[PDB]
């Protein structure tokens, strides 16, 4: 019922988990949710709704990049009643002892995109998550015995940057992970009056050049998913 999602009101839960990869969304639906059904397939951007421990939950890909996820998050918020979005992504690390498969939680997200400047009269908008969602995720990770670090992400427009020196700048200012969406989702959440959080799994070290495979990212980053799902239940109270 929207230009990029062929579904109707009620087809989505009020909370949506969103990886960039629709195939990871499919994996999550098949692995963590009961009674999951596909609710969207437009442009292959798979979305599903099922239950987790009785709680109605949706998962849907948002694609790669700020412009892509801004489209889906906006539509979910304005036309499907979605109140909370939890991005469950991958990222590259720049810090020396942040390692592969570490879970990072983006309370804020830096960016080299122009979208928030366009929204905010060319000033600095601090793209932040909802505090209660951050807190829920931290508490859930603790209950699960999973380490999770909270801090700044950096949302890049260019996965292949011509400016390698910027990575030293990110490292100097404590950036936990380089991904491509958080700052955009946070801008949309503030623009349209909803709540968002980005949780990422470290899938590459930008310095050491260690990296996981495409298959590993699609189907094995499960700590962040358990954290996300349990954090919703805490939020419900």
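Numbering follows the first chain given and starts at 1.
Higher average CA B factor: 32-40, of the stretches 184-192 and 32-40. Stretches compared: 204-212, 53-61. Higher mean C-alpha B-factor in the entry: 204-212.
Based on the entry's C-alpha B-factors, the most elevated value among 92, 81, 108, 89 belongs to 81. Annotation for 166, 129, 71, 126: 166 ranks highest, by Cα B-factor. Annotation for residue 98: C-alpha temperature factor in the highest third relative to the rest of the modelled chain, per the entry. Sort the chain's modelled residues by C-alpha temperature factor and residue 137 lands in the lowest third, per the entry. Residue 147 sits in the highest third of its chain by CA B factor, as recorded in the PDB entry. For residue 14, the recorded CA temperature factor ranks within the middle third of the chain's modelled residues.
Among the modelled residues of its chain, residue 154 has a C-alpha B-factor that falls in the lowest third, as given in the PDB entry.
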